[PDB]
Amino acid sequence: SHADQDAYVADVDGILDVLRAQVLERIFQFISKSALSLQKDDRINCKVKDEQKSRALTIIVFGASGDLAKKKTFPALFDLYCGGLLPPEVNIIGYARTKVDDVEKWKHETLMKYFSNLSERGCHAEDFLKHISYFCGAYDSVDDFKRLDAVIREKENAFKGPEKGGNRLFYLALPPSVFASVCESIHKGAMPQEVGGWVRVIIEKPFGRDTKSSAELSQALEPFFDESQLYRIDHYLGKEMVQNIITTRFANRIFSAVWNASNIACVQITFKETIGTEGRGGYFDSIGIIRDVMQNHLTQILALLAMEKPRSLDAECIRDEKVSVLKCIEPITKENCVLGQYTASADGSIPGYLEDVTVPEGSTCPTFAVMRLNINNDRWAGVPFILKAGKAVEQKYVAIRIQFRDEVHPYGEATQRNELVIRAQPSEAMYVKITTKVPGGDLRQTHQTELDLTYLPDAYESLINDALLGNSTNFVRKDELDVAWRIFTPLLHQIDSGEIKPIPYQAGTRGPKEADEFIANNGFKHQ
Amino acid sequence: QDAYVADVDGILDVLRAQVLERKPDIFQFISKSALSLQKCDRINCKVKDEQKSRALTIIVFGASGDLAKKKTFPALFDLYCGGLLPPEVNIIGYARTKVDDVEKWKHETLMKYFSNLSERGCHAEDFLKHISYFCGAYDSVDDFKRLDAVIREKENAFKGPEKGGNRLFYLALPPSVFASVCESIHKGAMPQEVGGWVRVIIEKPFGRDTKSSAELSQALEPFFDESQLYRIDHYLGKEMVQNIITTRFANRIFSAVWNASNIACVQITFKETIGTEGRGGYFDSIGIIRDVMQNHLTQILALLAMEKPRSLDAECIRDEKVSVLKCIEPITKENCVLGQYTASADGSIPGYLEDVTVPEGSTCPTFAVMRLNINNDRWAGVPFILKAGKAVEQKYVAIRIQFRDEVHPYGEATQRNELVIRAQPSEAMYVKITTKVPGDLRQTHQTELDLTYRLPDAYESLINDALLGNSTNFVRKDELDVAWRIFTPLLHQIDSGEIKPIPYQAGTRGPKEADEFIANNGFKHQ
Amino acid sequence: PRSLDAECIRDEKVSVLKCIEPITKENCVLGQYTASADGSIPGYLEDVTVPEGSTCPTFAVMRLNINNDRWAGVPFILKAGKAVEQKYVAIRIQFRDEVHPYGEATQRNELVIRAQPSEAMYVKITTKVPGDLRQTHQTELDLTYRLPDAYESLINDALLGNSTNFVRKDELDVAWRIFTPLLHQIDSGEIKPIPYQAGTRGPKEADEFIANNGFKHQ
Amino acid sequence: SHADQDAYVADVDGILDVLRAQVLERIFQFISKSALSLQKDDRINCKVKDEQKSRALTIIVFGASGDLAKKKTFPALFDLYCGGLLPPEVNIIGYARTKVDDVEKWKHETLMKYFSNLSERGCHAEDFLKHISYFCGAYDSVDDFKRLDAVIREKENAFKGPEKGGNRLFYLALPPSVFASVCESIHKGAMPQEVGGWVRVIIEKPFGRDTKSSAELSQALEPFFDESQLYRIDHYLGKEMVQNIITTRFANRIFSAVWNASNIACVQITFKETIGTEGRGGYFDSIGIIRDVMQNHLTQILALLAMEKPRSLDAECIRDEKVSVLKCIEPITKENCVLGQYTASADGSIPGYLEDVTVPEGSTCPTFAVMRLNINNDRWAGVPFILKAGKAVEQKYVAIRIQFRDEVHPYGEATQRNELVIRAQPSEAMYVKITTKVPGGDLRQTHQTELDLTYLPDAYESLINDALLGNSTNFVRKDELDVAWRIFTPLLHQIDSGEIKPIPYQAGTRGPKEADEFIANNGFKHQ
């Protein structure tokens with residue numbers, strides 16, 4: 001029955017392929033006619049693409065003096081440069097409100113301080129600054145963007161290459177409250193030239209804090225930029241993990257056939273940090289652990305892991321699949337959620353969550369959450385999916401763990417549950433645990449063995465790269481974002497209404513003992 | 001063309017997604033989705049010889065109003081493109097505001113709202129040539145005499161055999177000015193004695209209770225009679241009414257089951273996803289019952305429940321509409337559940353009370369389920385349920401007739417048959433029955449039999465009907481009176497606060513209590 | 001098996017063999033070796049103790065059909081050859097391809113259990129290469145963690161009284177019923193061995209037979 | 001990519017060198033430990049060698065009365081003597097079946113007639129004969145070899161030098177049919193004394209006539225003598241050409257870096273003689289031009305020229321390389337071979353091949369062959385290699401010609417293909433053709449110039465010398481010989497089966513016009 005669902009998809013896809021094979025030799029009405037008839041039977045080595053070095057490119061980092069841009073975005077562009085993935089004629093413009101006199105001292109004192117000191121990159125720092133300009137403006141004056149437009153065209157017409165016009169990535173390293181005006185501004189007069197050039201806009205979290213707030217922003221931006229252009233970025237989702245999820249499964253019959261209710265006992269996605277929040281109640285307390293990394297980061301990982309088979313690796317096909325599976329998820333219930341808030345470490349080195357000037361005294365805000373999701377579809381019905389996130393815990397870990405059902409017969413206690421782990425932190429690792437024979441001679445003399453399925457810019461860097469390459473896969477689409485918010489918002493309301501409460505846990509522990517009881521009571525068996 | 005490799009792949013991508021959602025048993029589904037994925041011409045004149053034999057003038061009062069410019073004029077345009085207006089048709093937009101440039105007015109106020117369809121848009125300029133603007137009062141006899149002269153002008157120039165002219169007056173106005181417009185027409189701009197009829201379309205609301213409605217009917221009747229008067233309900237399509245009347249009355253099978261001994265319940269449902277959209281203030285005076293239930297749903301009920309007409313002539317159908325309505329008991333508060341929408345989850349629809357033009361403490365229902373009792377031989381003890389809702393989970397209008405179950409012998413291997421007539425979001429009509437599956441008789445399948453074989457839309461259908469003089473789908477004076485007597489006690493109870501609307505979230509089905517009410521009044525889910 | 005006891009394993013050996021249809025001549029390609037290029041292996045017919053006109057096969061590929069729920073329509077191919085290109089004994093399970101979505105960026109997974117010329121057991125899968133998902137690599141996962149050799153293992157087994165790897169009487173009977181019609185057809189001359197040169201893989205027709213019965217090379 | 005292959009070899013060799021540098025200061029397990037840790041980061045002037053004049057040496061020329069021995073081997077030993085490369089105590093024994101009475105008249109009438117008359121050597125003839133003995137025996141009687149053994153020990157114990165025992169070179173100037181018995185005979189009782197002495201055995205062509213025949217001989221000899229002892233000799237491969245091939249390339253970055261597919265357009269190895277076969281159909285007709293010089297002589301030249309880089313100049317390292325590259329050669333096809341047979345010269349002075357009593361009338365035997373080999377490896381894939389051999393042609397020539405790809409841009413017709421020529425006959429010559437500027441002044445005014453890369457016993461003599469010195473480089477090893485035969489045998493079969501036929505050509509012409517068309521159609525452009 002599980003085999004027939006997959007077979008039905010594979011049949012449909014096979015029928016579409018033979019239509020495709022025909023309708024690529026000389027119209028909708030040829031589909032219907034063929035349907036009836038089928039029935040009857042060191043130096044930066046440039047790695048960039050040709051199209052990439054074929055037209056001009058300007059990256060505009062708006063809010064260029066803000067912490068995010070100088071400490072993260074520009075150092076990330078710097079690494080892409082060093083790794084030979086920026087086009088060689090790349091123009092980069094930091095835009096910001098403060099007027100500046102010595103442009104070169106700004107690049108050095110505001111930007112360079114934060115570049116990578118590593119000796120493999122030290123050499124290139126000054127090289128990369130030749131590509132950077134400064135521009136002083138506001139985020140709402142149509143004037144300033146007409147001025148910017150002229151500056152961009154200056155650099156664009158100066159390009160020494162075949163195609164005219166210029167591609168423009170607008171990076172809004174800004175508070176979301178200004179996204180709408182900046183976007184309207186770019187629409188009114190800083191879009192790429194008519195002759196040629198794509199436009200793309202990277203926007204930064206938070207993408208609202210609930211269904212309502214998030215949809216307001218989407219409605220606000222959608223008059224000016226469509227889903228082929230907008231790129232809602234998640235700093236923590238890396239290429240390497242996404243490929244581990246998609247390829248390992250979908251390229252391989254062995255894994256594909258077991259990726260279902262009939263074979264999987266339980267699935268946990270875990271995001272754990274030893275660091276706390278000290279001195280950042282300024283952002284965190286309003287947000288909480290669920291909105292911070294679970295609604296956005298863990299849920300995209302879930303979507304990629306649980307989705308049905310896309311017909312191809314085209315980005316929007318994958319995104320279609322993320323949306324369909326997210327739509328099968330029941331809104332999380334307060335009955336399926338255990339919350340924590342951290343207090344001071346036993347040793348007394350790390351201070352508790354409430355022990356912070358920037359945190360409302362008596363705050364009830366969760367720094368820890370374990371929850372069970374139910375995915376109601378043919379593939380997943382009944383399978384526990386556990387999401388876990390926690391700050392100030394025992395170790396820094398990010399992994400998927402899939403636990404498969406035991407074969408009780410006939411090995412019994414001489415075997416145990418196979419598992420598959422996809423780890424991204426503290427380092428990349430992907431393995432299956434299986435039971436093998438030992439040499440030298442009874443059949444029940446067995447070992448556990450971990451098979452290593454394993455065969456560079458970091459997560460953030462590779463997202464900027466994908467956006468330059470025009471690949472939307474790992475970016476949350478508008479519809480996708482809405483559904484995710486609908487999965488979490490009702491629980492978030494019950495939390496704000498006090499209906500469930502965080503359990504205290506000392507910084508440096510696993511978290512609340514009740515969380516582990518919860519996990520073990522939701523289908524997981526300790527190895 | 002590496003963008004031919006692309007677009008067909010997207011086509012396939014859409015087909016794929018269709019089949020994986022619906023999951024057919026696949027070639028034929030792909031076949032019939034390819035054809036649903038497809039689905040400078042001269043206007044061929046489809047008009048009768050009586051219609052081309054005399055001049056026609058259509059006068060839209062309130063022409064610069066939202067109803068007339070967004071709905072009436074685009075409708076007339078569609079009829080023009082469809083060949084359903086005579087070739088020499090004269091249409092006059094009458095309004096109170098002076099206009100420097102009538103040609104600008106035509107482009108900016110009307111053409112803006114014409115269907116931007118390829119096979120329509122290229123007639124727009126030809127259509128505007130049939131349209132004039134006229135500036136006047138709605139109550140001054142001299143203005144209608146000046147209108148009369150503007151019309152006679154066009155009539156007396158008619159390039160055709162009969163003299164005089166037919167005049168359709170469309171009153172796209174508040175009901176408060178109808179009496180004065182009608183009187184003004186009576187005294188000032190009736191058709192020429194030499195020849196032509198006068199017809200007058202008037203828009204809802206037709207009062208807000210028995211008394212006010214009767215007052216309004218008495219205020220109009222000295223000027224126009226029920227052969228002239230056309231109380232339009234925009235939603236009642238020709239296609240759904242043929243479904244209701246022919247399927248039943250032409251067939252022994254459906255005639256024979258259309259009664260108390262075979263029908264468990266009947267539900268007439270009107271659902272929209274839109275809210276009041278800023279215009280809460282206006283709606284707050286009316287409420288959902290007066291808005292669509294006392295008028296639209298009740299006409300549907302009438303047609304569904306009537307005895308057999310002495311003929312298929314319009315007034316015979318109307319007589320039967322009247323007779324069955326006369327058998328309906330006034331709705332009680334106990335047989336009524338009210339709702340009032342709150343904000344949608346994504347906030348695209350603000351709550352009904354969030355609208356600043358809605359007064360604090362409003363108790364106005366945006367949703368209503370109720371039960372009517374038709375006390376006659378055909379219907380005694382059969383629950384008729386009317387349901388109407390704004391800001392619910394989908395856009396949908398349908399009749400669902402559920403027949404009594406056959407307990408023996410199939411037991412749980414069968415369930416209640418249904419006949420469904422849907423008008424929105426598309427036309428369908430079908431029966432759910434149980435059939436065998438291709439050893440045991442107990443192995444059965446619920447199956448749907450499609451009974452249903454650019455036509456004009458429901459509103460356009462009614463305007464065409466009024467041009468041809470077919471009264472069928474218009475509420476007659478006596479019919480209207482009786483309809484108000486069904487609902488007015490309930491409305492009084494509601495206005496005295498005896499029933500309170502239950503809050504529901506916009507985008508949901510409505511209050512859980514409304515579904516329980518349906519399930520408690522003869523409906524089974526299965 | 002109902003358990004890992006020897007006779008339970010043997011019961012199951014018997015049951016599955018009982019589901020196999022007798023091999024037909026049409027599902028059999030025969031070979032007979034000729035002299036190696038360097039003459040180190042004289043041709044089969046050059047041996048004086050071989051009678052003139054011998055039609056005896058030194059090589060055989062054939063297909064068996066296991067008619068049960070688990071195996072219906074799965075080709076099982078047995079191949080045995082003398083004087084071919086290498087010394088080798090292995091099981092190769094090839095899994096069905098995932099056409100969508102990787103297309104030509106993937107290929108059929110395999111599980112291989114080799115005993116000769118050394119023990120190996122491994123799965124071929126496709127994995128990602130460390131931007132595009134379409135960039136993939138075929139990789140081999142070793143599943144295998146002076147022990148006695150195969151023959152010594154069996155004698156030890158007989159000393160300990162473990163029957164597992166020995167053909168039981170009923171099992172044997174059933175095995176003969178799989179092959180005997182084919183052997184009769186072969187002894188009546190209805191199939192003729194194709195000459196192949198010693199040191200080569202065997203007749204080209206044997207490889208084509210494999211490729212025509214569900215195996216893809218890639 | 002071509003640069004990365006060479007770089008990979010040079011890296012590996014560099015890693016092995018640092019292992020070598022460590023593991024020469026105090027075991028396999030030290031390789032693995034150092035591997036992980038490297039990751040984390042007139043009168044004869046005697047020219048002979050000391051070892052040579054340090055132990056006794058007996059050269060036994062078996063079949064000493066045969067034509068080969070008296071006309072070639074003994075005169076060749078005579079020249080080595082004159083050139084001061086035989087040890088001064090050298091014993092030389094001619095062995096043969098005829099019983100002889102006056103040993104001194106045999107040396108004079110059978111041997112001396114054929115020594116070099118040249119006045120620089122005339123003087124030494126009688127000197128060299130003092131070193132020669134005669135021995136009468138058969139090639140299968142264990143008795144005779146025990147008798148020989150005693151005679152050798154006689155001469156060996158009489159040696160007036162430090163080390164005891166005696167080194168023995170057995171030279172089988174014999175028909176190959178007797179190699180096996182003579183070798184068994186020497187094994188049974190004429191090997192060097194236990195105390196000391198190497199044994200070496202020179203055997204003479206033909207080494208079979210195909211894969212099967214050649215491997216029989218190898219199996220026959222290998223019970224008695226291994227590959228450090230057996231010396232399959234090719235009279236025509238000279239030291240001077242071998243060094244030109246190996247040194248010029250492998251000692252020099254300039255040549256090494258261009259010795260590949262990416263730079264070379266085509267390569268021809270040519271062996272041409274004006275002489276015919278008259279009165280030697282007795283050997284030739286059974287053999288043909290392909291087996292005579294192409295399978296054996298041209299192919300060793302090819303191997304040396306095409307081989308990958310050996311880690312050192314140790315002989316067996318070079319031979320390993322000859323084998324690996326030979327293994328990359330596709331068996332020659334009849335589609336890639338043009339054959340000729342010569343008829344009488346136009347002038348009518350040289351008689352045709354069939355015009356000979358010792359030649360089967362109607363013989364189809366090729367006196368001429370041009371063929372294309374494909375070497376399927378990273379270095380050579382797609383590069384035409386043309387072998388050409390012909391008897392009774394226009395000139396006596398033996399040369400390698402390497403034709404490099406044109407640099408079309410930017411000199412155009414003011415430049416042409418560089419070439420490298422290594423000639424051995426009619427005289428030694430090695431040059432590159434390149435394009436230079438002329439003085440007195442446009443950049444496109446250019447000349448062709450041949451650079452001379454040039455800075456003594458003959459070919460045969462220097463092979464006997466290498467064998468005395470124990471150097472196997474220019475001798476075909478057992479595995480090497482097998483692979484070469486596998487490259488040629490299938491074509492030789494198609495030839496014997498008549499599937500391609502020789503074209504007639506008049507003695508004294510280039511050969512068949514079709515051969516030159518063939519060459520020009522296989523990548524070569526005339527200068």
# chains A, B, ... in the order shown; residues from 1 in each chain; ligands from 1
>>> select_by_dssp(residues="range 22-236 of chain B", states="helix (DSSP H, G or I)", output="MDAnalysis selection string")
chainID B and resid 22 27:34 66:81 102:113 118:121 124:128 141:156 175:188 210:220
>>> interface_residues(of="chain C", to="chain D", cutoff="10 Å", atoms="only C-alpha atoms", output="ChimeraX atom specification")
/C:35-40
>>> residues_around(residues="range 143-157 of chain D", least_positions_apart="2", cutoff="10 Å", atoms="only C-alpha atoms", output="ChimeraX atom specification")
/D:55-60,89-93,95,133,135-141,159-161,164-168,182,185-193
>>> atom_distance(atom1="CA of residue 521 in chain D", atom2="CA of residue 370 in chain D")
12.2 Å
>>> closest_residue(among="A:479, A:13, A:516, A:227", to="chain B", atoms="only C-alpha atoms")
A:13
>>> residues_around(residues="residue 354 in chain D", least_positions_apart="6", cutoff="12 Å", atoms="only C-alpha atoms", output="ChimeraX atom specification")
/D:276-281,284-285,341-344,360-367,504
